[PDB]
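Consider the single chain below, provided in structure tokens and representing the form deposited in one PDB entry.
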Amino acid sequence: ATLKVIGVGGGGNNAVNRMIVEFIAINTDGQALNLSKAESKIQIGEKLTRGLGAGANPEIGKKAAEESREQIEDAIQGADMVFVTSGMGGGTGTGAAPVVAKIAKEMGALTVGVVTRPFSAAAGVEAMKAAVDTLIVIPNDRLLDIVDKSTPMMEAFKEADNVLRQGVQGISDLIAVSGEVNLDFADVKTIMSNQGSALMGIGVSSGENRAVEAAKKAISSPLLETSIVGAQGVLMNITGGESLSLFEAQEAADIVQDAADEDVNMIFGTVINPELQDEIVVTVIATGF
């Protein structure tokens, strides 16, 4: 399963540098690509921006990516999964990144929008959400977990992709959360569809306490904790390797069931996947707010 991680504009180029599975750096400003450690580098919109001073316009970023679509395709060629981020800070990349997402999706890569940028900015987030399979919000200091935990992460996004295709429990729209994120239930509504939106908490753990640890993590964020209480329904999944016991599975199931309403309809699922080793991953999707 080939994963390709793509940072776009100033913030994504730094994100990718921090992270250095294959990496691609994309920028409308060619100068910044001289500071890139990524093996694959793409200047986008060279003809569009020729002679211009460097700029902050997202629309330029967007039109630059459409001009360069062909070169982006070749670089992404052969990816099963694509992470796209513009990282921190604003610029052309917030315009460019959703196009890069859309391009990958149409090559049939499962496509995750990764948002490290604080918001309630949202101009960009709204557009990324429109363009991607699943959108994940993760804190900037935690960015490394997406590439360290890439295997459990990808199982989480595959589940999120599957819920959305089959409209499970009526879910037409979804945002994933990992780690402790600065959003409350507002900041979220204004950017999400009004019926059948959902929230996916994700947590990943290894070693001694791994099952209870991972379940607590998936519900730990401000967004998940406030929204499990109201939830009309909850989809939970735990995925582990050959070593995942019924004990671990039942224990994690318990922890989630308690946070949820006594009257919630919970779907509970358990997967033994030898691909995971000693890692386990728990996903919690609340819906019906």
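Residue positions are given as counts along the sequence shown, with the first one as 1.
Same protein, other form: the form deposited with a small molecule bound, not shown, and the subject of what follows.
Although the partner is absent here, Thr151 sits far enough away that none of its heavy atoms falls within 4.5 Å of the small molecule in the entry with it bound. Shown alone here, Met88 lies within 4.5 Å of the small molecule in the entry with it bound, counting heavy atoms only. Shown alone here, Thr116 lies within 4.5 Å of the small molecule in the entry with it bound, counting heavy atoms only. Contact check for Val125: every heavy atom lies farther than 4.5 Å from the small molecule in the entry with it bound.
Heavy atoms within 4.5 Å of the small molecule in the entry with it bound are found in one stretch of 72-80, 139-147, 204-212, 105-113, which is 139-147.
With the partner omitted from this view, the residue of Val99, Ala198, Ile219, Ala160 that lies near the small molecule in the entry with it bound is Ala160 [heavy atom within 4.5 Å].
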